[PDB]
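Chains as they are written, first to last, in the authors' numbering: chain V, 1 to 298; chain N, 55 to 159; chain 1, 1 to 372.
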Amino acid sequence: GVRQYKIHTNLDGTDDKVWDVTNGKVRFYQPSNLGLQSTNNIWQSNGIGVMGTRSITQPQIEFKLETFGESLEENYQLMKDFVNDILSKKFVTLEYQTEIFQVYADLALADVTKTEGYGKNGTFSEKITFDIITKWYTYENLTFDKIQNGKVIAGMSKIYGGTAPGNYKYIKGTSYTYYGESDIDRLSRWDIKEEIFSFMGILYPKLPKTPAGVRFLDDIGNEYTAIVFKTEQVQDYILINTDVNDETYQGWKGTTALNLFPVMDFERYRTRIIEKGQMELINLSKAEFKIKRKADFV
Amino acid sequence: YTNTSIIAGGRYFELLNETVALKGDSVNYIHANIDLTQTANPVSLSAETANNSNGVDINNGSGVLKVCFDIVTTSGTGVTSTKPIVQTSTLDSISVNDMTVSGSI
Amino acid sequence: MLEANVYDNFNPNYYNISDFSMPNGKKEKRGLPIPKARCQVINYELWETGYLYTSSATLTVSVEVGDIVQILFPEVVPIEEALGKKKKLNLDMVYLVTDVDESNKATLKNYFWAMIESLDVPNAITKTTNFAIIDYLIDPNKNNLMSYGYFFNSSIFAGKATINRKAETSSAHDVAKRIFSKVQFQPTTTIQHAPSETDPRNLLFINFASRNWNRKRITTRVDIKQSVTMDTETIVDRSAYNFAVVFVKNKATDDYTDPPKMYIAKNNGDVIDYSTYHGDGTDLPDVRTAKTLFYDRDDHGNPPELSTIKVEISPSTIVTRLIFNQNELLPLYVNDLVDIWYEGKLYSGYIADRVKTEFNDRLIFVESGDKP
Ligand SMILES: [Sr+2]
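Shown next, in the form of structure tokens:
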């Protein structure tokens, strides 16, 4: 029904800590602006209007930080905790949730205020300003699609049936349609329908010393970028994060974490921006993907 | 180090699948660091720029003992060559029957 | 902040004298003094070699023009001075104060380039190996600033010295730049106490050594996120008007009465007469840069050689420079041979400079060229 705001220390990560700024002890109220400012570069010559390129500018969100605590000790402990937790990580992801959507914004602490105007049992009523890194993006699960063989029908499918030594008839419209393909289980498509900007993939390699990773193809079947690694031993999994702010390319074997950046193929990795098409798995047995895609206004 | 046993300053310890990070296109000097004050974990490993062996008497006095055991030469991608540190056997008098030398006396 | 040691000018008119009595009894050169004031370098842009820009930093103590500033870092750099011999050297950034403003912001010039100042070198010295030029340039008997020793990697400066244009007298700055471009190396000045424990002197040395005696080539990628600055440099000086309207003076008239002969340079590198061309334009340049040349007939009377015209219309070394943030996933230090991938294109060269600022850590990449 009502909206939900949730501050995350590290989303997409094991060391995550979530603060409910809607229901918890420390709450965010009356956001300054959730919209957007656009600058279209319009120049008018003799009454006729010419439009350039629109630079969608995102403005600082200023909240109304309010703590609810049983004692003065409790609210001072809340301010020291919530702020340090935002300061501890270089950037904090604010989740925007409503009946219809679940968007996210990457924020950086711009300004926080601490004053001595306490209410009852020493309760804070302050202004918390944030700088916009990326405004509104959808964090969703990306999975491959499987292809299944069509059913075999007498007269419709290509088979030599009925009276010996078989018969298939050329009709008009119904004629002969191939049932499927021998070993249809080989075909798998990791479909990309809209342009994505960053992702958190968990890749499980097959063979050691053979380049292992992912490659991306466009609408015409041409490779534009590829994250691939040539390791000496089989890693249990290669944890990759394409996020610009905290780029991670690490391999895991047992309880040991290895940085795989120098072993990576630098020539194939041309871009981070993934375009409309499909994704292929190079020397991978299994893969788990989480795709984050931007939305200007939500 | 899958399974490597080391006796540094007369102190025995085993390295069981202990991985140590290296510097790209550099000659890494792997050291065995012993700090007796760190009662929970006295032995720690470190890949360094140069052979920073101190020779601190940890058994009689205080301090942190540093001693190089392996020299790992690396490239931009991985490891090129590995040369281990010599094991010095300081003795007073030898009463031996036979000997085979691979280098020089 | 960083720690800074401020000393008065290392005057070679004072420090070059070998009157200091060593503990054994021997008479050696005067050692460097103690800092007149220990301060802290703040609001800084500090380069490692000073390849392109001059350093600038505000200092707590009121330093004056001439003073030497030694910026300290709690880390160590291992230089390979001999095939197997590697020495423990402390990280230092040594500069000369060139000018201080009202707000005490000092303009710092890297010690080496401030040492080889106003020094001129004739073609005669440049005829030998690169070692002979380095041994000439680094001398406390000649230089404006005091020098004690030089560390140099024999393999990198082993090659024959680059050929000088017109065989003229060049400045120590121009020759060093020409040499450092071909050898793909940059110098670093370092203050460190004498190697022998008996010698108690603090000394200043110039570094031409690397972490690897036999330097290896690295392969890396530079992403657009690292605030990359692309600009084109020129290593070798060659002329810019690819087309030449060449005039030859008539012997009988002692005038330029005869019509001109036009010469065009092909994409391959060869120079042909424009009239002789029979192609489709694919082998010719995309833009025609032209100049009018006047030549005087030789004593023999023959027209000037095609090859002599060719040198004047020949192309210059178009080189790409990349300035970007330090990647902690694959760190790139000064004096390292690298192969950088940027926006789908491969650029090959070395890391010339490094800026140590309050906000970022950046590198200057110089594409050495010599691609085909
Ligand atoms: Sr993260």
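Using N, Cα and C, we set each Cβ at its ideal position, and we do this for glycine too.
Within chain V, partners of residue i - CB distance below 7 Å
i                : result
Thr220 (chain 1) : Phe266
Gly130 (chain N) : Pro262
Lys225 (chain 1) : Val244
Rounded Cβ spacing between residue i and residue j (contact assumed at less than 8 Å)
i                : j                : result
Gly277 (chain V) : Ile192 (chain V) : 6 Å
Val214 (chain V) : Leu260 (chain V) : 13 Å between Cβ atoms; not a contact.
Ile218 (chain 1) : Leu83 (chain 1)  : Not confirmed; about 21 Å, so no contact.
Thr271 (chain V) : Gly251 (chain V) : Contact doesn't hold; Cβ gap of about 22 Å is too wide.
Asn335 (chain 1) : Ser210 (chain 1) : 5 Å
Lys151 (chain V) : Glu95 (chain V)  : 45 Å between Cβ atoms; not a contact.
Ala212 (chain V) : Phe229 (chain V) : 6 Å
Chain-ordered neighbours of residue i on chain N, where CB pairs are closer than 8 Å
i                : result
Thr256 (chain V) : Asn71 and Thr73
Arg211 (chain 1) : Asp79, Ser80, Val81 and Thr103
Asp336 (chain 1) : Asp79
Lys88 (chain 1)  : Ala104 and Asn106
Nearest neighbour of residue i, chosen from the options [CA to CA]
i                : options                                                                   : result
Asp298 (chain 1) : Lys251 (chain 1), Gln192 (chain 1) and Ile179 (chain 1)                   : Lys251 (chain 1)
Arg65 (chain N)  : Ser80 (chain N), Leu119 (chain N) and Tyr83 (chain N)                     : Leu119 (chain N)
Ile132 (chain V) : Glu267 (chain V), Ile56 (chain V) and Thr22 (chain V)                     : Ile56 (chain V)
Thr9 (chain V)   : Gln58 (chain V), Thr93 (chain V) and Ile274 (chain V)                     : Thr93 (chain V)
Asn90 (chain 1)  : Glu80 (chain 1), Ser348 (chain 1) and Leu72 (chain 1)                     : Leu72 (chain 1)
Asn141 (chain V) : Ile202 (chain V), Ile128 (chain V) and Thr163 (chain V)                   : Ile202 (chain V)
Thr134 (chain V) : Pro59 (chain V), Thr248 (chain V) and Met51 (chain V)                     : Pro59 (chain V)
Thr289 (chain 1) : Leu330 (chain 1), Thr107 (chain 1), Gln226 (chain 1) and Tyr263 (chain 1) : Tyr263 (chain 1)
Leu346 (chain 1) : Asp223 (chain 1), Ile272 (chain 1), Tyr333 (chain 1) and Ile235 (chain 1) : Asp223 (chain 1)
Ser154 (chain 1) : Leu284 (chain 1), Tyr136 (chain 1) and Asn130 (chain 1)                   : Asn130 (chain 1)
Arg38 (chain 1)  : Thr54 (chain 1), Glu3 (chain 1) and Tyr44 (chain 1)                       : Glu3 (chain 1)
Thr190 (chain 1) : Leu119 (chain 1), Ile313 (chain 1), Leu96 (chain 1) and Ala172 (chain 1)  : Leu96 (chain 1)
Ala114 (chain 1) : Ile235 (chain 1), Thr308 (chain 1), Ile313 (chain 1) and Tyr51 (chain 1)  : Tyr51 (chain 1)
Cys122 (chain N) : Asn114 (chain N), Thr58 (chain N) and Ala104 (chain N)                    : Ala104 (chain N)
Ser368 (chain 1) : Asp361 (chain 1), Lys356 (chain 1), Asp339 (chain 1) and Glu343 (chain 1) : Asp339 (chain 1)
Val76 (chain 1)  : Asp92 (chain 1), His193 (chain 1), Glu233 (chain 1) and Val63 (chain 1)   : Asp92 (chain 1)
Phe205 (chain 1) : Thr234 (chain 1), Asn110 (chain 1), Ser275 (chain 1) and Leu330 (chain 1) : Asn110 (chain 1)
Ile133 (chain 1) : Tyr15 (chain 1), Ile351 (chain 1) and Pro122 (chain 1)                    : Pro122 (chain 1)
Residue i: CB within 7 Å of a non-hydrogen atom of ligand 1
i                : result
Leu11 (chain V)  : yes
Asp85 (chain V)  : no
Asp243 (chain V) : yes
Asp336 (chain 1) : no
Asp79 (chain N)  : no
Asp246 (chain V) : yes
Interface partners of residue i on chain 1, CB under 9 Å
i                : result
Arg270 (chain V) : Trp341, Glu343 and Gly344
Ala94 (chain N)  : Going along chain 1, no residue has its Cβ under 9 Å from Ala94 (chain N), so there is no contact; the nearest lies around 26 Å.
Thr136 (chain N) : Here the premise fails: no neighbours, minimum Cβ distance about 16 Å.
Proximity test, Cβ basis, 8 Å: residue i and chain V
i                : result
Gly115 (chain N) : no
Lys216 (chain 1) : no
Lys371 (chain 1) : no
CB contact check: residue i to chain N, cutoff 8 Å
i                : result
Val76 (chain 1)  : yes
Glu232 (chain V) : yes
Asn153 (chain 1) : no
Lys85 (chain 1)  : no
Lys142 (chain 1) : no
Partner residues on chain N for residue i, Cβ-Cβ distance less than 7 Å
i                : result
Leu330 (chain 1) : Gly78
Contact with chain 1 by residue i, beta-carbon distance below 8 Å
i                : result
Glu247 (chain V) : yes
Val244 (chain V) : yes
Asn75 (chain V)  : no
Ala101 (chain N) : no
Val81 (chain N)  : yes
Within chain 1, partners of residue i - CB distance below 7 Å
i                : result
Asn259 (chain V) : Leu329
Residue i: contacting residues in chain 1 (beta-carbon distance under 8 Å)
i                : result
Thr142 (chain N) : Result: empty, since nearest Cβ-Cβ is about 18 Å, beyond 8 Å.
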